[PDB]
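As structure tokens, one chain now follows by itself in the form deposited in one PDB entry.
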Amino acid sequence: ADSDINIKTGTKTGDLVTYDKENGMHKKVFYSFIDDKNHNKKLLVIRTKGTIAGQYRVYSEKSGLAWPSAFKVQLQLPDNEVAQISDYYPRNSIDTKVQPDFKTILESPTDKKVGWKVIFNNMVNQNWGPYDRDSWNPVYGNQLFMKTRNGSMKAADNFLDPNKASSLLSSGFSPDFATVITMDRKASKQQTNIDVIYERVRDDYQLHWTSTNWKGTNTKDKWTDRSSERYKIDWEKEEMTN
């Protein structure tokens, strides 16, 4: 810190939004242009705010339930242009020594690519061992959504209550993430292009009655809504658009 190293104190906005219907995945960005001209480059923080609904839906009617395996959100840009990607508040941090049920990873961010993976880490239901996005339990398969042990009603009805499950699976997950874009200032022309994906890595989960002690089977990333969204970031005017 500044005091820790004897440093004394060295050290215009807008709120875009959109939404996808067939997929069902909300979107938003909040940008800032504090206009201190004394800084080298224009700084822009892309708050990935939105709502990727849980889509915790029983599509198959045996009965299959589609659930969110990954709210992967990532910013990618073409090669020809001149800008670069610099920073991101959500960072893979040294896991010191709790096991949170969703692990906010950041894909290995190669220059011009920063991608978070809001993964479904080990989650506890009905007071037993937990299970993650790739939860595959030799007895209950993906043991995400078994309402009880000894159910008696219809299989399609006999799904873990969306209320009892982790609140992200039922409603969805709102990303609280940020990353930034930078380059030298004095270049003649400034513009980039982005490719957002809000990949709700959909995960088909066929729940079926096999015999006596219930059993689960799951298929990883069986579907997906790589709802590839493109934003149009207008850096000169200090506005962000699509």
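Only residues modelled in both forms are compared. Residue numbers here begin at 1 and follow the sequence given. Heads up, when I say rigid core I mean the largest set of C-alphas that superpose within 1.5 Å between the two forms.
As for the form deposited in another entry, it is not shown, yet the points below apply to it.
Participant: Taking the rigid core as reference, does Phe30 move its C-alpha 2 Å or further between the shown form and the other one?
Facilitator: After core superposition, the displacement of the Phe30 C-alpha between the shown form and the other one stays below 2 Å, so no.
Participant: Answer yes if the CA of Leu207 moves 2 Å or more between the shown form and the other one after aligning the rigid core, and no otherwise.
Facilitator: The answer is yes; the displacement is at least 2 Å.
Participant: Which residue stretches between the shown form and the other one come out as moving, taking only runs of at least three where every Cα shifts by 2 Å or more after core superposition?
Facilitator: 34-38, 204-210 are the stretches that move between the shown form and the other one.
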